>>> print(open('model23.cif').read())   # mmCIF, C-alpha atoms
data_query
loop_
_atom_site.label_atom_id
_atom_site.label_comp_id
_atom_site.auth_asym_id
_atom_site.auth_seq_id
_atom_site.Cartn_x
_atom_site.Cartn_y
_atom_site.Cartn_z
CA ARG A 1 6.78 -116.75 129.55
CA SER A 2 6.22 -113.46 131.35
CA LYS A 3 3.28 -111.12 130.87
CA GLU A 4 4.71 -107.73 129.73
CA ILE A 5 8.20 -107.78 128.00
CA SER A 6 9.07 -104.27 129.26
CA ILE A 7 11.08 -102.89 126.44
CA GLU A 8 13.67 -100.15 127.05
CA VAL A 9 14.04 -96.70 125.45
CA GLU A 10 16.75 -97.86 123.08
CA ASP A 11 14.45 -100.64 121.71
CA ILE A 12 12.35 -97.87 120.05
CA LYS A 13 14.01 -97.91 116.71
CA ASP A 14 12.67 -94.65 115.24
CA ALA A 15 13.10 -92.55 118.33
CA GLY A 16 15.27 -89.46 117.89
CA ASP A 17 18.31 -88.57 119.99
CA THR A 18 16.56 -85.74 121.89
CA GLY A 19 13.40 -87.84 122.02
CA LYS A 20 15.18 -90.69 123.83
CA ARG A 21 16.86 -88.25 126.23
CA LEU A 22 13.45 -86.79 127.11
CA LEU A 23 11.81 -90.19 127.56
CA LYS A 24 14.53 -91.13 130.07
CA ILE A 25 14.33 -87.90 132.01
CA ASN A 26 12.70 -87.94 135.44
CA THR A 27 11.92 -84.31 136.28
CA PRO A 28 10.82 -81.06 134.59
CA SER A 29 14.20 -79.47 135.36
CA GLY A 30 15.91 -82.30 133.54
CA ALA A 31 13.60 -81.80 130.59
CA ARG A 32 14.34 -78.08 130.46
CA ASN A 33 18.09 -78.81 130.47
CA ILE A 34 17.61 -80.97 127.36
CA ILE A 35 15.23 -78.65 125.46
CA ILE A 36 16.59 -75.14 126.07
CA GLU A 37 20.04 -74.55 124.60
CA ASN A 38 20.32 -70.79 125.15
CA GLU A 39 21.71 -70.45 128.66
CA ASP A 40 20.11 -67.04 129.25
CA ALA A 41 16.68 -68.24 128.16
CA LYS A 42 17.11 -71.38 130.31
CA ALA A 43 17.97 -69.17 133.27
CA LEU A 44 14.79 -67.10 132.78
CA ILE A 45 12.62 -70.21 132.54
CA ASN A 46 14.28 -71.60 135.70
CA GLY A 47 13.55 -68.27 137.47
CA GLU A 48 17.27 -67.98 138.33
CA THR A 49 19.15 -65.21 136.51
CA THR A 50 22.53 -63.62 137.13
CA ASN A 51 23.25 -60.01 136.18
CA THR A 52 24.95 -61.39 133.01
CA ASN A 53 21.86 -63.47 132.18
CA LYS A 54 19.69 -60.36 132.72
CA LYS A 55 21.86 -58.21 130.41
CA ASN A 56 21.82 -60.92 127.76
CA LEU A 57 18.02 -61.31 128.00
CA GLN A 58 17.67 -57.53 127.66
CA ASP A 59 19.72 -57.80 124.45
CA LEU A 60 17.14 -60.34 123.15
CA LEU A 61 14.19 -58.18 124.24
CA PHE A 62 15.04 -54.60 123.26
CA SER A 63 16.50 -53.13 120.10
CA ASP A 64 17.27 -49.56 121.16
CA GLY A 65 20.75 -49.15 122.65
CA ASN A 66 19.91 -46.05 124.63
CA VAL A 67 16.92 -47.81 126.18
CA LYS A 68 19.18 -50.77 126.93
CA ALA A 69 21.67 -48.56 128.73
CA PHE A 70 18.88 -47.09 130.84
CA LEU A 71 17.67 -50.59 131.74
CA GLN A 72 21.26 -51.49 132.83
CA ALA A 73 21.27 -48.31 134.94
CA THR A 74 24.48 -47.21 133.24
CA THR A 75 24.19 -44.33 130.79
CA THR A 76 26.78 -42.30 128.96
CA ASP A 77 26.30 -38.65 128.17
CA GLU A 78 25.29 -39.69 124.63
CA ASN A 79 22.75 -42.20 126.00
CA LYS A 80 21.39 -39.45 128.28
CA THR A 81 20.94 -37.06 125.31
CA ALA A 82 18.95 -39.68 123.46
CA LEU A 83 16.85 -40.63 126.48
CA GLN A 84 16.07 -36.94 127.15
CA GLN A 85 14.74 -36.76 123.58
CA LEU A 86 12.37 -39.68 124.29
CA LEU A 87 11.05 -37.92 127.37
CA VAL A 88 10.76 -34.22 126.39
CA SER A 89 9.77 -32.61 123.07
CA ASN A 90 10.54 -28.93 123.68
CA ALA A 91 13.89 -28.08 122.13
CA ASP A 92 14.75 -25.35 124.64
CA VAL A 93 13.98 -27.65 127.59
CA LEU A 94 16.22 -30.28 125.96
CA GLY A 95 18.90 -27.58 125.88
CA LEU A 96 18.45 -27.06 129.61
CA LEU A 97 18.60 -30.81 130.36
CA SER A 98 21.98 -31.00 128.53
CA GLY A 99 23.47 -28.51 131.02
CA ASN A 100 24.80 -26.60 128.01
CA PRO A 101 21.92 -24.68 126.40
CA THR A 102 22.68 -22.66 123.26
CA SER A 103 22.27 -18.86 123.24
CA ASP A 104 18.85 -19.33 121.59
CA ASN A 105 17.84 -21.93 124.20
CA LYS A 106 18.79 -19.51 127.00
CA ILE A 107 16.64 -16.71 125.58
CA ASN A 108 13.72 -19.11 125.09
CA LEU A 109 14.09 -20.63 128.60
CA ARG A 110 13.90 -17.19 130.16
CA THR A 111 10.83 -16.38 128.07
CA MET A 112 9.32 -19.73 129.07
CA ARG B 1 11.39 -115.52 120.23
CA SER B 2 14.44 -113.31 119.68
CA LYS B 3 14.40 -111.04 122.78
CA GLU B 4 15.80 -107.65 121.62
CA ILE B 5 12.42 -106.31 120.42
CA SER B 6 12.46 -103.43 117.98
CA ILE B 7 9.39 -101.27 118.52
CA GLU B 8 8.78 -98.04 116.62
CA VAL B 9 7.20 -94.89 118.08
CA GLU B 10 3.80 -95.63 116.56
CA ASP B 11 3.73 -99.07 118.29
CA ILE B 12 3.29 -97.22 121.63
CA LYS B 13 -0.43 -97.32 121.78
CA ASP B 14 -1.06 -94.76 124.55
CA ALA B 15 1.43 -92.20 123.40
CA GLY B 16 -0.01 -88.75 122.71
CA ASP B 17 0.35 -86.80 119.47
CA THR B 18 2.86 -84.28 120.88
CA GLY B 19 4.51 -87.09 122.84
CA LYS B 20 5.23 -89.08 119.67
CA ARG B 21 6.52 -85.97 117.88
CA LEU B 22 8.93 -85.34 120.77
CA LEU B 23 10.12 -88.95 120.90
CA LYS B 24 11.00 -88.78 117.19
CA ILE B 25 12.79 -85.45 117.43
CA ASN B 26 16.58 -85.42 117.19
CA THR B 27 17.69 -82.04 118.53
CA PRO B 28 16.75 -79.48 121.20
CA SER B 29 15.78 -76.96 118.49
CA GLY B 30 13.36 -79.48 117.07
CA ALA B 31 11.91 -80.04 120.51
CA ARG B 32 11.43 -76.31 121.06
CA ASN B 33 9.62 -76.03 117.72
CA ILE B 34 7.13 -78.66 118.91
CA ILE B 35 6.62 -77.35 122.47
CA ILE B 36 6.50 -73.55 122.10
CA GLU B 37 3.54 -72.30 120.07
CA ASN B 38 3.88 -68.56 120.71
CA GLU B 39 6.28 -67.37 118.03
CA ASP B 40 7.57 -64.44 120.11
CA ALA B 41 8.28 -66.64 123.11
CA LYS B 42 9.96 -69.22 120.82
CA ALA B 43 12.13 -66.46 119.39
CA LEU B 44 13.24 -65.37 122.90
CA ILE B 45 14.08 -68.95 123.89
CA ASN B 46 16.04 -69.39 120.63
CA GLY B 47 17.94 -66.14 121.42
CA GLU B 48 16.89 -64.76 118.00
CA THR B 49 14.39 -61.90 118.10
CA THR B 50 13.29 -59.40 115.46
CA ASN B 51 12.11 -55.91 116.37
CA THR B 52 8.52 -57.24 116.01
CA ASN B 53 9.29 -60.15 118.35
CA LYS B 54 10.81 -57.67 120.85
CA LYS B 55 7.74 -55.39 120.75
CA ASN B 56 5.44 -58.37 121.20
#
>>> encode(input="model23.cif", output="structure tokens")
Amino acid sequence: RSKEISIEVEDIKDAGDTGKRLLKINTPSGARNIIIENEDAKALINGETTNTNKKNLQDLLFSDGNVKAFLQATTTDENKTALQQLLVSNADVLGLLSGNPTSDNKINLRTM
Amino acid sequence: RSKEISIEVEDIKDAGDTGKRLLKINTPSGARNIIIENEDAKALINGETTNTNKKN
């Protein structure tokens, strides 16, 4: 009358749906496919990201939109103004970096 | 003996504590809540990060 009575996964009456899928899975990749629903996060964990995955992960990682544009290597003139302000505190130098200094900036830049 | 055999998670005598929690879990979100202890990493994997999570 046998020795072991090897039950199967579906015999475990209080196992959950994800729990049974995991118990059946053979490899770590298969387990990651069950557990991680966000496709961008799954791509990071698999070490295999497209440019779209990268942009989407950057959206999850950074709040500032001007920083995000810099990280995408695509900045508008407005993004550039804001990024200049993160990099330089002197108002007259910020005028120079804009390419369009005010009259006051010009006087102060010459003095500088 | 009837042969179907209904065995519950706690009948599996060499299952680990996390292993039994995972076997009972019904959804991927539930599984992530068990497996990922770092709250900032869990937030990234869930695609739902606060400014504090982002800084961390």
>>> interface_residues(input="model23.cif", of="chain A", to="chain B", cutoff="10 Å", atoms="only C-alpha atoms", output="VMD selection string")
chain A and resid 5 to 23 32 to 42 44 to 45 56 to 64
>>> residues_around(input="model23.cif", residues="residue 76 in chain A", least_positions_apart="5", cutoff="9 Å", atoms="all atoms listed in the file", output="PyMOL selection string")
chain A and resi 66+69+81
>>> residues_around(input="model23.cif", residues="residue 106 in chain A", least_positions_apart="3", cutoff="10 Å", atoms="only C-alpha atoms", output="list in words")
residues 92, 93, 95, 96, 100, 101, 102, 103, 109, 110, 111 and 112 of chain A
>>> residues_around(input="model23.cif", residues="residue 70 in chain A", least_positions_apart="4", cutoff="10 Å", atoms="all atoms listed in the file", output="JSON, numbers by chain")
{"A": [65, 66, 74, 75, 76, 79, 80, 83]}
>>> atom_distance(input="model23.cif", atom1="CA of residue 4 in chain A", atom2="CA of residue 2 in chain B")
15.1 Å
>>> build_atoms(input="model23.cif", residues="range 74-97 of chain A", atoms="N, CA, C and O atoms", output="PDB file, keeping the file's coordinate frame")
ATOM      1  N   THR A  74      23.156 -47.770 133.534  1.00  0.00           N
ATOM      2  CA  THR A  74      24.480 -47.210 133.240  1.00  0.00           C
ATOM      3  C   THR A  74      24.403 -46.469 131.918  1.00  0.00           C
ATOM      4  O   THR A  74      24.344 -47.069 130.858  1.00  0.00           O
ATOM      5  N   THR A  75      24.348 -45.138 131.987  1.00  0.00           N
ATOM      6  CA  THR A  75      24.190 -44.330 130.790  1.00  0.00           C
ATOM      7  C   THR A  75      25.363 -43.390 130.589  1.00  0.00           C
ATOM      8  O   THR A  75      25.837 -42.768 131.521  1.00  0.00           O
ATOM      9  N   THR A  76      25.800 -43.313 129.347  1.00  0.00           N
ATOM     10  CA  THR A  76      26.780 -42.300 128.960  1.00  0.00           C
ATOM     11  C   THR A  76      26.065 -40.994 128.700  1.00  0.00           C
ATOM     12  O   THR A  76      24.831 -40.919 128.607  1.00  0.00           O
ATOM     13  N   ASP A  77      26.864 -39.943 128.522  1.00  0.00           N
ATOM     14  CA  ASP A  77      26.300 -38.650 128.170  1.00  0.00           C
ATOM     15  C   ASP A  77      25.524 -38.721 126.851  1.00  0.00           C
ATOM     16  O   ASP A  77      24.476 -38.124 126.733  1.00  0.00           O
ATOM     17  N   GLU A  78      26.012 -39.479 125.870  1.00  0.00           N
ATOM     18  CA  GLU A  78      25.290 -39.690 124.630  1.00  0.00           C
ATOM     19  C   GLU A  78      23.963 -40.454 124.851  1.00  0.00           C
ATOM     20  O   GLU A  78      22.939 -40.144 124.239  1.00  0.00           O
ATOM     21  N   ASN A  79      23.987 -41.467 125.720  1.00  0.00           N
ATOM     22  CA  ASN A  79      22.750 -42.200 126.000  1.00  0.00           C
ATOM     23  C   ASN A  79      21.759 -41.231 126.643  1.00  0.00           C
ATOM     24  O   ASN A  79      20.569 -41.256 126.311  1.00  0.00           O
ATOM     25  N   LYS A  80      22.259 -40.403 127.567  1.00  0.00           N
ATOM     26  CA  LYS A  80      21.390 -39.450 128.280  1.00  0.00           C
ATOM     27  C   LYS A  80      20.743 -38.460 127.293  1.00  0.00           C
ATOM     28  O   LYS A  80      19.548 -38.191 127.384  1.00  0.00           O
ATOM     29  N   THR A  81      21.521 -37.936 126.342  1.00  0.00           N
ATOM     30  CA  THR A  81      20.940 -37.060 125.310  1.00  0.00           C
ATOM     31  C   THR A  81      19.791 -37.745 124.559  1.00  0.00           C
ATOM     32  O   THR A  81      18.715 -37.174 124.354  1.00  0.00           O
ATOM     33  N   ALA A  82      19.980 -39.011 124.188  1.00  0.00           N
ATOM     34  CA  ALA A  82      18.950 -39.680 123.460  1.00  0.00           C
ATOM     35  C   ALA A  82      17.719 -39.975 124.332  1.00  0.00           C
ATOM     36  O   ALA A  82      16.591 -39.890 123.876  1.00  0.00           O
ATOM     37  N   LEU A  83      17.964 -40.305 125.587  1.00  0.00           N
ATOM     38  CA  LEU A  83      16.850 -40.630 126.480  1.00  0.00           C
ATOM     39  C   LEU A  83      16.046 -39.370 126.805  1.00  0.00           C
ATOM     40  O   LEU A  83      14.826 -39.425 126.895  1.00  0.00           O
ATOM     41  N   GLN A  84      16.741 -38.241 126.959  1.00  0.00           N
ATOM     42  CA  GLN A  84      16.070 -36.940 127.150  1.00  0.00           C
ATOM     43  C   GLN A  84      15.105 -36.666 125.998  1.00  0.00           C
ATOM     44  O   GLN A  84      13.954 -36.265 126.227  1.00  0.00           O
ATOM     45  N   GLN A  85      15.564 -36.934 124.777  1.00  0.00           N
ATOM     46  CA  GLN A  85      14.740 -36.760 123.580  1.00  0.00           C
ATOM     47  C   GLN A  85      13.507 -37.659 123.550  1.00  0.00           C
ATOM     48  O   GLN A  85      12.500 -37.277 122.965  1.00  0.00           O
ATOM     49  N   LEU A  86      13.555 -38.849 124.175  1.00  0.00           N
ATOM     50  CA  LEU A  86      12.370 -39.680 124.290  1.00  0.00           C
ATOM     51  C   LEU A  86      11.389 -39.174 125.312  1.00  0.00           C
ATOM     52  O   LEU A  86      10.217 -39.550 125.305  1.00  0.00           O
ATOM     53  N   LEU A  87      11.857 -38.333 126.238  1.00  0.00           N
ATOM     54  CA  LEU A  87      11.050 -37.920 127.370  1.00  0.00           C
ATOM     55  C   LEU A  87      10.458 -36.508 127.250  1.00  0.00           C
ATOM     56  O   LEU A  87       9.469 -36.197 127.893  1.00  0.00           O
ATOM     57  N   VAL A  88      11.089 -35.657 126.447  1.00  0.00           N
ATOM     58  CA  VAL A  88      10.760 -34.220 126.390  1.00  0.00           C
ATOM     59  C   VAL A  88      10.805 -33.780 124.935  1.00  0.00           C
ATOM     60  O   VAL A  88      11.771 -34.094 124.239  1.00  0.00           O
ATOM     61  N   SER A  89       9.779 -33.061 124.477  1.00  0.00           N
ATOM     62  CA  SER A  89       9.770 -32.610 123.070  1.00  0.00           C
ATOM     63  C   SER A  89      10.245 -31.174 122.827  1.00  0.00           C
ATOM     64  O   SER A  89      10.681 -30.831 121.717  1.00  0.00           O
ATOM     65  N   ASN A  90      10.186 -30.334 123.859  1.00  0.00           N
ATOM     66  CA  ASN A  90      10.540 -28.930 123.680  1.00  0.00           C
ATOM     67  C   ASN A  90      12.056 -28.756 123.563  1.00  0.00           C
ATOM     68  O   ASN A  90      12.826 -29.162 124.441  1.00  0.00           O
ATOM     69  N   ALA A  91      12.485 -28.165 122.454  1.00  0.00           N
ATOM     70  CA  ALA A  91      13.890 -28.080 122.130  1.00  0.00           C
ATOM     71  C   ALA A  91      14.678 -27.246 123.120  1.00  0.00           C
ATOM     72  O   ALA A  91      15.834 -27.513 123.353  1.00  0.00           O
ATOM     73  N   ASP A  92      14.048 -26.229 123.710  1.00  0.00           N
ATOM     74  CA  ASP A  92      14.750 -25.350 124.640  1.00  0.00           C
ATOM     75  C   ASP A  92      14.904 -26.039 125.998  1.00  0.00           C
ATOM     76  O   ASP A  92      15.947 -25.932 126.620  1.00  0.00           O
ATOM     77  N   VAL A  93      13.895 -26.833 126.376  1.00  0.00           N
ATOM     78  CA  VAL A  93      13.980 -27.650 127.590  1.00  0.00           C
ATOM     79  C   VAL A  93      15.064 -28.738 127.398  1.00  0.00           C
ATOM     80  O   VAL A  93      15.828 -29.010 128.330  1.00  0.00           O
ATOM     81  N   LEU A  94      15.137 -29.335 126.213  1.00  0.00           N
ATOM     82  CA  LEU A  94      16.220 -30.280 125.960  1.00  0.00           C
ATOM     83  C   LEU A  94      17.568 -29.627 126.090  1.00  0.00           C
ATOM     84  O   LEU A  94      18.513 -30.226 126.586  1.00  0.00           O
ATOM     85  N   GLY A  95      17.682 -28.360 125.648  1.00  0.00           N
ATOM     86  CA  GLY A  95      18.900 -27.580 125.880  1.00  0.00           C
ATOM     87  C   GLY A  95      19.242 -27.443 127.342  1.00  0.00           C
ATOM     88  O   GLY A  95      20.398 -27.614 127.728  1.00  0.00           O
ATOM     89  N   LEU A  96      18.236 -27.145 128.167  1.00  0.00           N
ATOM     90  CA  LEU A  96      18.450 -27.060 129.610  1.00  0.00           C
ATOM     91  C   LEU A  96      18.917 -28.409 130.190  1.00  0.00           C
ATOM     92  O   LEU A  96      19.852 -28.436 130.994  1.00  0.00           O
ATOM     93  N   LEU A  97      18.265 -29.503 129.774  1.00  0.00           N
ATOM     94  CA  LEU A  97      18.600 -30.810 130.360  1.00  0.00           C
ATOM     95  C   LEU A  97      20.032 -31.217 130.035  1.00  0.00           C
ATOM     96  O   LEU A  97      20.657 -31.901 130.843  1.00  0.00           O
TER      97      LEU A  97
END
